[PDB]
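The next block is protein.csv, given as CSV, C-alpha atoms and all ligand atoms.
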```csv
chain,number,residue,atom,x,y,z
F,1,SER,CA,0.0,0.0,0.0
F,2,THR,CA,0.8,3.7,-0.3
F,3,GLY,CA,-0.6,7.1,0.8
F,4,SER,CA,-0.2,10.6,-0.5
F,5,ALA,CA,-1.5,13.8,1.1
F,6,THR,CA,-1.1,17.5,0.5
F,7,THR,CA,0.3,19.5,3.4
F,8,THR,CA,-0.5,23.3,3.6
F,9,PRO,CA,1.1,26.2,5.5
F,10,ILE,CA,-1.2,27.5,8.2
F,11,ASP,CA,-0.3,31.1,7.6
F,12,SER,CA,1.8,33.5,5.3
F,13,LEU,CA,5.0,32.7,7.3
F,14,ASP,CA,4.9,28.9,7.1
F,15,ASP,CA,4.7,28.8,10.9
F,16,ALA,CA,3.5,25.2,10.6
F,17,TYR,CA,1.9,22.8,8.1
F,18,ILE,CA,-1.4,21.0,8.3
F,19,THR,CA,-2.4,17.8,6.5
F,20,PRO,CA,-6.0,16.4,6.3
F,21,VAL,CA,-6.5,13.1,8.2
F,22,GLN,CA,-9.6,10.9,8.2
F,23,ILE,CA,-10.5,9.5,11.6
F,24,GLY,CA,-13.3,7.1,12.4
F,25,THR,CA,-16.4,5.7,10.6
F,26,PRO,CA,-18.0,7.7,9.0
F,27,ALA,CA,-14.8,9.7,8.4
F,28,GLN,CA,-14.2,12.8,10.5
F,29,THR,CA,-11.5,14.9,8.8
F,30,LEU,CA,-9.2,16.8,11.0
F,31,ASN,CA,-6.2,18.9,9.9
F,32,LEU,CA,-3.2,17.7,11.8
F,33,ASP,CA,0.4,18.9,12.3
F,34,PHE,CA,2.6,16.1,11.1
F,35,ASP,CA,5.5,16.1,13.5
F,36,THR,CA,8.7,14.0,13.0
F,37,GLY,CA,9.9,15.3,16.4
F,38,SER,CA,7.2,13.5,18.5
F,39,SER,CA,5.3,10.3,18.6
F,40,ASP,CA,1.7,10.9,19.7
F,41,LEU,CA,-1.3,11.2,17.5
F,42,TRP,CA,-3.6,13.5,19.5
F,43,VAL,CA,-6.7,15.5,18.6
F,44,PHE,CA,-9.0,18.2,19.8
F,45,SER,CA,-12.2,16.3,20.7
F,46,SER,CA,-15.7,16.3,22.2
F,47,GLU,CA,-13.8,15.7,25.5
F,48,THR,CA,-11.7,18.8,25.4
F,49,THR,CA,-12.5,21.5,28.0
F,50,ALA,CA,-14.9,23.8,26.3
F,51,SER,CA,-13.1,27.0,27.2
F,52,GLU,CA,-9.9,25.6,25.6
F,53,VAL,CA,-11.5,25.0,22.1
F,54,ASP,CA,-11.6,28.1,19.8
F,55,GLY,CA,-12.4,27.3,16.2
F,56,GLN,CA,-10.7,23.8,15.9
F,57,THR,CA,-12.5,20.9,14.3
F,58,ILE,CA,-13.0,18.2,16.9
F,59,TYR,CA,-13.1,14.4,16.9
F,60,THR,CA,-16.2,12.9,18.4
F,61,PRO,CA,-15.6,9.3,19.2
F,62,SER,CA,-19.2,8.6,20.2
F,63,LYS,CA,-20.1,9.3,16.5
F,64,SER,CA,-17.6,6.8,15.2
F,65,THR,CA,-18.8,3.2,14.9
F,66,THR,CA,-15.2,1.9,14.9
F,67,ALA,CA,-14.0,3.9,17.9
F,68,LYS,CA,-13.2,1.9,21.1
F,69,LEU,CA,-12.1,3.4,24.4
F,70,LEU,CA,-8.6,2.0,25.3
F,71,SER,CA,-9.4,1.1,28.9
F,72,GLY,CA,-7.3,2.9,31.5
F,73,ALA,CA,-5.0,4.6,29.0
F,74,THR,CA,-4.0,8.2,29.5
F,75,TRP,CA,-1.5,10.5,27.8
F,76,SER,CA,0.3,13.7,28.6
F,77,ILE,CA,2.9,15.5,26.5
F,78,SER,CA,4.9,18.7,26.7
F,79,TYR,CA,6.8,20.1,23.7
F,80,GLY,CA,10.0,22.0,23.4
F,81,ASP,CA,8.3,25.4,23.2
F,82,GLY,CA,6.5,24.8,26.5
F,83,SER,CA,3.1,23.9,25.0
F,84,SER,CA,1.3,20.8,26.3
F,85,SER,CA,-1.8,18.6,26.1
F,86,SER,CA,-3.3,15.5,27.8
F,87,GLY,CA,-6.3,13.2,27.9
F,88,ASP,CA,-7.5,9.7,27.3
F,89,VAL,CA,-7.2,7.3,24.4
F,90,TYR,CA,-9.4,5.6,21.7
F,91,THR,CA,-8.4,3.2,19.0
F,92,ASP,CA,-10.0,3.9,15.6
F,93,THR,CA,-9.5,3.8,11.9
F,94,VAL,CA,-7.1,6.5,10.6
F,95,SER,CA,-6.5,7.2,6.9
F,96,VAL,CA,-3.9,9.6,5.4
F,97,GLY,CA,-4.0,10.2,1.7
F,98,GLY,CA,-5.6,6.9,0.9
F,99,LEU,CA,-3.5,4.8,3.3
F,100,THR,CA,-5.5,3.2,6.1
F,101,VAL,CA,-4.6,1.9,9.5
F,102,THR,CA,-7.1,0.1,11.7
F,103,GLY,CA,-6.8,0.2,15.5
F,104,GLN,CA,-4.6,3.3,15.5
F,105,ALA,CA,-4.3,4.9,19.0
F,106,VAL,CA,-6.1,8.3,18.7
F,107,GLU,CA,-5.3,10.3,21.8
F,108,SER,CA,-8.3,12.5,22.8
F,109,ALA,CA,-7.4,15.8,24.5
F,110,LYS,CA,-9.1,16.7,27.7
F,111,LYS,CA,-6.7,19.6,28.2
F,112,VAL,CA,-4.6,21.7,25.9
F,113,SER,CA,-2.4,24.7,26.6
F,114,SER,CA,-3.2,28.2,25.5
F,115,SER,CA,-0.9,28.1,22.4
F,116,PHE,CA,-3.0,25.2,21.0
F,117,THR,CA,-6.3,27.0,21.9
F,118,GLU,CA,-5.1,30.2,20.2
F,119,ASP,CA,-4.2,28.3,16.9
F,120,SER,CA,-7.6,27.7,15.2
F,121,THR,CA,-6.0,26.0,12.2
F,122,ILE,CA,-4.4,23.0,14.0
F,123,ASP,CA,-6.8,20.3,15.1
F,124,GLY,CA,-4.1,18.1,16.6
F,125,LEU,CA,-0.7,16.4,16.0
F,126,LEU,CA,0.3,13.3,14.2
F,127,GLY,CA,3.7,12.1,15.5
F,128,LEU,CA,6.2,10.5,13.2
F,129,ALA,CA,9.3,10.1,15.4
F,130,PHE,CA,10.0,6.7,16.9
F,131,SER,CA,7.3,5.0,19.0
F,132,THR,CA,9.6,4.8,22.0
F,133,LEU,CA,8.7,8.4,22.6
F,134,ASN,CA,4.9,7.8,22.7
F,135,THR,CA,3.5,9.1,26.0
F,136,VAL,CA,0.5,6.7,26.4
F,137,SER,CA,0.4,5.0,29.8
F,138,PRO,CA,0.4,2.3,31.1
F,139,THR,CA,0.7,0.7,27.6
F,140,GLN,CA,2.8,2.7,25.1
F,141,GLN,CA,1.2,3.0,21.7
F,142,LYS,CA,2.6,2.9,18.1
F,143,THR,CA,2.8,5.8,15.7
F,144,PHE,CA,0.7,5.8,12.5
F,145,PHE,CA,3.8,5.1,10.5
F,146,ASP,CA,4.9,2.2,12.7
F,147,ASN,CA,1.4,0.7,12.4
F,148,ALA,CA,1.4,1.1,8.6
F,149,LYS,CA,5.0,0.1,7.9
F,150,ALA,CA,4.5,-3.6,7.3
F,151,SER,CA,1.8,-3.0,4.7
F,152,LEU,CA,3.7,-0.2,2.8
F,153,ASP,CA,5.3,-1.0,-0.5
F,154,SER,CA,8.5,0.3,1.1
F,155,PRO,CA,9.0,1.2,4.8
F,156,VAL,CA,9.4,4.9,4.2
F,157,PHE,CA,7.7,8.2,4.2
F,158,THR,CA,8.8,11.5,2.6
F,159,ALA,CA,8.4,15.1,3.4
F,160,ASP,CA,8.2,17.7,0.6
F,161,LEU,CA,7.3,20.9,2.3
F,162,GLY,CA,6.6,24.0,0.3
F,163,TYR,CA,7.9,27.6,0.7
F,164,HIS,CA,4.8,29.7,1.0
F,165,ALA,CA,3.1,26.9,-0.9
F,166,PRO,CA,1.5,23.5,-0.5
F,167,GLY,CA,3.6,20.4,-0.4
F,168,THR,CA,3.3,16.6,0.0
F,169,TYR,CA,3.7,13.8,2.5
F,170,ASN,CA,4.0,10.4,0.9
F,171,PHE,CA,3.9,7.0,2.6
F,172,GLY,CA,5.4,3.9,1.2
F,173,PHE,CA,7.1,5.2,-2.0
F,174,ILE,CA,9.6,7.7,-3.3
F,175,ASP,CA,8.3,10.0,-6.0
F,176,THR,CA,11.3,10.3,-8.3
F,177,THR,CA,9.7,13.3,-10.1
F,178,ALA,CA,9.6,15.4,-6.9
F,179,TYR,CA,13.4,16.1,-6.6
F,180,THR,CA,16.4,17.0,-8.7
F,181,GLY,CA,19.7,15.1,-8.8
F,182,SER,CA,20.2,12.2,-6.4
F,183,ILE,CA,19.1,11.5,-2.9
F,184,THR,CA,22.0,11.4,-0.4
F,185,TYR,CA,21.4,9.1,2.5
F,186,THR,CA,22.9,9.6,5.9
F,187,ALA,CA,23.0,7.6,9.2
F,188,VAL,CA,20.4,7.9,11.9
F,189,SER,CA,20.6,7.4,15.6
F,190,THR,CA,17.4,6.4,17.3
F,191,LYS,CA,18.9,6.5,20.8
F,192,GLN,CA,16.8,9.6,21.7
F,193,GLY,CA,13.8,8.5,19.8
F,194,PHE,CA,14.3,11.2,17.1
F,195,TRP,CA,15.4,11.2,13.5
F,196,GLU,CA,18.8,12.2,14.6
F,197,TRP,CA,21.6,12.6,12.2
F,198,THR,CA,24.9,14.5,11.7
F,199,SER,CA,25.3,17.2,9.1
F,200,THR,CA,28.8,17.5,7.6
F,201,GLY,CA,28.9,21.3,7.8
F,202,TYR,CA,27.7,24.6,6.4
F,203,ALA,CA,28.2,27.7,4.3
F,204,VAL,CA,26.8,31.3,4.5
F,205,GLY,CA,25.9,32.8,1.2
F,206,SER,CA,28.6,32.4,-1.4
F,207,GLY,CA,31.2,31.8,1.4
F,208,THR,CA,33.5,28.8,1.7
F,209,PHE,CA,32.0,25.6,3.1
F,210,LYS,CA,33.0,24.8,6.7
F,211,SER,CA,33.4,21.1,7.3
F,212,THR,CA,32.2,20.4,10.8
F,213,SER,CA,29.9,17.8,12.4
F,214,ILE,CA,26.5,19.1,13.5
F,215,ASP,CA,24.4,16.6,15.3
F,216,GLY,CA,20.7,17.4,15.1
F,217,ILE,CA,17.2,16.1,14.4
F,218,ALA,CA,15.0,16.3,11.3
F,219,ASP,CA,11.8,17.9,12.8
F,220,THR,CA,8.8,18.8,10.7
F,221,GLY,CA,7.1,20.0,13.8
F,222,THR,CA,9.6,22.8,14.5
F,223,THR,CA,9.3,26.0,12.4
F,224,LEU,CA,12.9,27.3,12.5
F,225,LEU,CA,16.4,26.1,12.1
F,226,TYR,CA,18.2,25.9,15.4
F,227,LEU,CA,22.0,25.5,15.2
F,228,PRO,CA,25.1,26.1,17.4
F,229,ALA,CA,25.7,29.7,18.5
F,230,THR,CA,29.0,29.8,16.5
F,231,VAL,CA,27.2,28.9,13.3
F,232,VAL,CA,24.3,31.2,13.9
F,233,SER,CA,26.6,34.1,14.8
F,234,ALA,CA,28.5,33.5,11.5
F,235,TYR,CA,25.3,33.7,9.5
F,236,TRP,CA,23.9,36.9,11.0
F,237,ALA,CA,27.2,38.6,10.9
F,238,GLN,CA,26.6,38.7,7.1
F,239,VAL,CA,23.4,40.7,7.6
F,240,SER,CA,23.9,44.5,8.2
F,241,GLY,CA,22.1,45.5,11.3
F,242,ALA,CA,21.3,42.0,12.5
F,243,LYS,CA,21.5,41.4,16.2
F,244,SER,CA,20.5,39.0,19.0
F,245,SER,CA,17.7,40.5,21.0
F,246,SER,CA,17.1,39.1,24.5
F,247,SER,CA,13.8,41.0,24.7
F,248,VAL,CA,12.5,39.5,21.4
F,249,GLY,CA,14.1,36.1,22.1
F,250,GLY,CA,16.5,35.7,19.2
F,251,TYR,CA,18.2,37.2,16.2
F,252,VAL,CA,16.3,40.0,14.5
F,253,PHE,CA,17.3,42.0,11.4
F,254,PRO,CA,16.2,45.1,9.5
F,255,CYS,CA,13.2,44.2,7.3
F,256,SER,CA,15.0,46.1,4.5
F,257,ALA,CA,17.8,43.6,4.4
F,258,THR,CA,18.5,41.1,1.7
F,259,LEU,CA,19.3,37.8,3.5
F,260,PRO,CA,22.1,35.5,2.3
F,261,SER,CA,21.4,31.8,1.6
F,262,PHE,CA,22.5,29.1,4.1
F,263,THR,CA,23.9,25.8,2.9
F,264,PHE,CA,24.0,22.6,5.1
F,265,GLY,CA,26.0,19.4,4.3
F,266,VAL,CA,24.5,16.0,3.9
F,267,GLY,CA,27.5,13.7,3.4
F,268,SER,CA,29.3,15.1,0.4
F,269,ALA,CA,26.0,16.7,-0.8
F,270,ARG,CA,24.8,20.2,-0.2
F,271,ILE,CA,21.3,21.6,0.5
F,272,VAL,CA,20.9,25.4,-0.1
F,273,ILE,CA,18.3,27.3,1.9
F,274,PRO,CA,17.4,30.5,-0.1
F,275,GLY,CA,17.7,33.7,1.9
F,276,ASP,CA,14.0,34.5,1.8
F,277,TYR,CA,13.3,31.2,3.6
F,278,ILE,CA,15.0,32.7,6.6
F,279,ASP,CA,12.7,35.8,6.8
F,280,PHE,CA,9.8,35.4,9.3
F,281,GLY,CA,8.6,38.9,9.1
F,282,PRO,CA,8.0,41.8,11.5
F,283,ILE,CA,8.4,41.0,15.1
F,284,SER,CA,5.1,42.8,15.8
F,285,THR,CA,2.6,44.3,13.3
F,286,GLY,CA,4.0,47.3,11.6
F,287,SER,CA,7.6,46.9,13.0
F,288,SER,CA,10.6,47.3,10.7
F,289,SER,CA,12.5,44.7,12.7
F,290,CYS,CA,12.1,41.2,11.4
F,291,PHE,CA,12.5,37.8,13.0
F,292,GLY,CA,15.2,35.5,11.8
F,293,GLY,CA,14.6,31.9,10.6
F,294,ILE,CA,18.0,30.7,11.9
F,295,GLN,CA,18.4,30.8,15.7
F,296,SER,CA,20.8,29.5,18.3
F,297,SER,CA,20.2,26.1,19.8
F,298,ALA,CA,22.2,27.0,22.9
F,299,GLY,CA,19.1,27.1,25.2
F,300,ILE,CA,17.5,24.0,23.8
F,301,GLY,CA,20.0,21.2,24.3
F,302,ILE,CA,19.7,19.9,20.8
F,303,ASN,CA,20.2,21.2,17.2
F,304,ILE,CA,16.9,21.1,15.2
F,305,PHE,CA,16.6,21.0,11.4
F,306,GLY,CA,13.1,22.3,11.4
F,307,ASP,CA,10.9,23.5,8.5
F,308,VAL,CA,13.3,26.3,7.4
F,309,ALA,CA,15.8,23.6,6.5
F,310,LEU,CA,13.5,20.8,5.5
F,311,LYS,CA,11.4,22.8,3.0
F,312,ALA,CA,14.6,23.4,1.0
F,313,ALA,CA,14.8,19.7,0.4
F,314,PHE,CA,13.0,16.5,-0.5
F,315,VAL,CA,13.4,14.4,2.6
F,316,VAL,CA,13.2,10.6,2.9
F,317,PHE,CA,12.4,9.1,6.3
F,318,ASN,CA,13.6,5.6,5.8
F,319,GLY,CA,12.1,3.3,8.4
F,320,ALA,CA,14.0,0.1,7.4
F,321,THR,CA,15.3,-2.1,10.3
F,322,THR,CA,18.3,0.2,10.3
F,323,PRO,CA,16.7,3.7,9.7
F,324,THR,CA,18.4,6.3,7.6
F,325,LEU,CA,17.5,9.8,6.3
F,326,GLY,CA,17.8,11.0,2.7
F,327,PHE,CA,18.0,14.5,1.3
F,328,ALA,CA,17.7,15.8,-2.2
F,329,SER,CA,17.6,19.2,-3.7
F,330,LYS,CA,14.3,20.1,-5.6
T,1,LIG,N1,13.6,19.5,23.2
T,1,LIG,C1,13.6,18.5,22.0
T,1,LIG,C2,12.1,18.3,21.7
T,1,LIG,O1,11.4,19.6,21.4
T,1,LIG,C3,10.8,19.5,20.1
T,1,LIG,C4,10.8,20.9,19.4
T,1,LIG,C5,9.4,21.5,19.5
T,1,LIG,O2,8.8,21.5,20.5
T,1,LIG,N2,9.0,22.2,18.4
T,1,LIG,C6,7.8,23.0,18.3
T,1,LIG,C7,6.6,22.2,18.6
T,1,LIG,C8,5.5,22.7,19.2
T,1,LIG,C9,4.3,22.0,19.3
T,1,LIG,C10,4.3,20.7,18.8
T,1,LIG,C11,5.4,20.2,18.2
T,1,LIG,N3,6.6,20.9,18.1
T,1,LIG,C12,11.6,18.4,19.3
T,1,LIG,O3,10.8,17.8,18.3
T,1,LIG,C13,11.8,17.4,20.5
T,1,LIG,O4,10.7,16.5,20.6
```
Here is a file; write its structure as structure tokens.
Ligand SMILES: NC[C@H]1O[C@@H](CC(=O)NCc2ccccn2)[C@H](O)[C@@H]1O
Amino acid sequence: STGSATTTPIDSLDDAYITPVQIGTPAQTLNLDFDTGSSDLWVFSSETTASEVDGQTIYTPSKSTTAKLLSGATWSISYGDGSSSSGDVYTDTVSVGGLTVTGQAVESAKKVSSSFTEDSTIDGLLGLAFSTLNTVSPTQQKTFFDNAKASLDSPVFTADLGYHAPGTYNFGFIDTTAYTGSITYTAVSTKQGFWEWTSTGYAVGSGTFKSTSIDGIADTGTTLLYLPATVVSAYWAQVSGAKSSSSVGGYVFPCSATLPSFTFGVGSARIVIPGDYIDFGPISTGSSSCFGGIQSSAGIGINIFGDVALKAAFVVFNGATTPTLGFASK
């Protein structure tokens, strides 16, 4: 089997991407944030505290003939940005782009934090990291990908995120028309439950490539590119007027600037992030100070190749017995 679904930016800045997902019988379609940095599939639901729902589409398990309460199971997750959610668990039929999994754990939110409430466009998350990170207790549950894997033509999914444009998540096959040149594959460590890999270095604009190992995770659920302070300082030094602002919470730059590209290494291959991918617009409405798309990982504990990096590439998440990651230009 295979699946193919279009993923769409939630706003004009590509702050996140949503992908339609069919849950239950008859189908209830929710727009979920596919997140390769976490491993829970959770949704706004008929069980979510009323005051914490503001415009989201909810899952109502009582209206699904295939929904079954997973007795005694609860879940609770907190993300790197401090957001969080929790609730109980159903199993139900879940389909993504024509690919169907029966008995998928669908985690129903009873509580969500304010940032989820305030985002009317995201109805929940679909985790695509390794199932070892799944928070369901007392019996850990598998991700959609892990459940589907055996049935897929090939045990892979691919992320093809657009810049200010729709893109595609494919499951079970590699669309050879969706990228240019070749796909370069690189080793993955699953020791922390992430798609963790080591970049071979970087360049700023037309500058010389710096060969240096940068360990980090491929995370579709993170907006920006978070890299070591040395690397990030070298980037923003090439932008006149750019500075790190503690009040704003990162590097900002004059909105009149032209941003240089940023290149990262994948083995001997190179992925080039165009400068305008790194522009996340005015820090507040009407401001002439703009927020940068490359930020320091110093306060995070990990480097994160988020959407800013990934949308410059066609990315293969290879879930073979020994997982690997593939990157191609496009
Ligand atoms: N500290 C490492 C962990 O932090 C995550 C980064 C994060 O929170 N991104 C934003 C975000 C918000 C809401 C939902 C999903 N992502 C990584 O995926 C790891 O899991």
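Here CA of residue 231 (chain F) is placed at a distance of 9.1 Å from CA of residue 203 (chain F).
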- Task: Collect all residues with atoms no farther than 7 Å from ligand LIG 1 (chain T), counting all atoms listed in the file, and output them as a ChimeraX atom specification.
- Result: /F:35-38,79-81,83,219,221-223,300-302
Could you write out the selected residues, including C-alpha atoms, as an mmCIF file, in the frame of the given file?
```cif
data_model
loop_
_atom_site.group_PDB
_atom_site.id
_atom_site.type_symbol
_atom_site.label_atom_id
_atom_site.label_comp_id
_atom_site.auth_asym_id
_atom_site.auth_seq_id
_atom_site.Cartn_x
_atom_site.Cartn_y
_atom_site.Cartn_z
ATOM 1 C CA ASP F 35 5.500 16.100 13.500
ATOM 2 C CA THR F 36 8.700 14.000 13.000
ATOM 3 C CA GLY F 37 9.900 15.300 16.400
ATOM 4 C CA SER F 38 7.200 13.500 18.500
ATOM 5 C CA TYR F 79 6.800 20.100 23.700
ATOM 6 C CA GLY F 80 10.000 22.000 23.400
ATOM 7 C CA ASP F 81 8.300 25.400 23.200
ATOM 8 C CA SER F 83 3.100 23.900 25.000
ATOM 9 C CA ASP F 219 11.800 17.900 12.800
ATOM 10 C CA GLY F 221 7.100 20.000 13.800
ATOM 11 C CA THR F 222 9.600 22.800 14.500
ATOM 12 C CA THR F 223 9.300 26.000 12.400
ATOM 13 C CA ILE F 300 17.500 24.000 23.800
ATOM 14 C CA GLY F 301 20.000 21.200 24.300
ATOM 15 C CA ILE F 302 19.700 19.900 20.800
#
```
- Message: Nearest residue to residue 41 (chain F) out of F:23, F:294, F:161, F:266, using all atoms listed in the file?
- Response: F:23
So which residues touch region 136-146 of chain F within 6 Å, counting all atoms listed in the file, skipping near sequence neighbours fewer than 3 positions away, as a PDB file with C-alpha atoms, in the frame of the given file?
```pdb
ATOM      1  CA  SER F  39       5.300  10.300  18.600  1.00  0.00           C
ATOM      2  CA  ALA F  73      -5.000   4.600  29.000  1.00  0.00           C
ATOM      3  CA  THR F  74      -4.000   8.200  29.500  1.00  0.00           C
ATOM      4  CA  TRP F  75      -1.500  10.500  27.800  1.00  0.00           C
ATOM      5  CA  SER F 131       7.300   5.000  19.000  1.00  0.00           C
ATOM      6  CA  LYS F 149       5.000   0.100   7.900  1.00  0.00           C
TER       7      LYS F 149
END
```
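Distance check against residue 299 (chain F) using only C-alpha atoms: of F:325, F:239, F:227, F:5, the minimum falls on F:227.
With all atoms listed in the file taken into account, the protein and nucleic acid residues at most 8 Å from residue 327 (chain F) (excluding it and anything under 3 positions from it in its own chain) are residues 183, 184, 185, 266, 271, 313, 314, 315 and 316 of chain F.
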Can I get the selected residues back with C-alpha atoms, as a PDB file, keeping the file's coordinate frame?
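After the write, out.pdb holds the following:
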```
ATOM      1  CA  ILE F 183      19.100  11.500  -2.900  1.00  0.00           C
ATOM      2  CA  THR F 184      22.000  11.400  -0.400  1.00  0.00           C
ATOM      3  CA  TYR F 185      21.400   9.100   2.500  1.00  0.00           C
ATOM      4  CA  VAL F 266      24.500  16.000   3.900  1.00  0.00           C
ATOM      5  CA  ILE F 271      21.300  21.600   0.500  1.00  0.00           C
ATOM      6  CA  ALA F 313      14.800  19.700   0.400  1.00  0.00           C
ATOM      7  CA  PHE F 314      13.000  16.500  -0.500  1.00  0.00           C
ATOM      8  CA  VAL F 315      13.400  14.400   2.600  1.00  0.00           C
ATOM      9  CA  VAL F 316      13.200  10.600   2.900  1.00  0.00           C
TER      10      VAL F 316
END
```
- Item | Contact residues around residue 282 (chain F) with all atoms listed in the file at 12 Å, ignoring same-chain residues under 2 positions, as a VMD selection string | chain F and resid 13 248 252 to 256 279 to 280 284 to 293
- Query: In terms of the shortest atom-to-atom distance over only C-alpha atoms, which of F:133, F:127, F:65, F:42 is closest to residue 107 (chain F)?
  - Reply: F:42
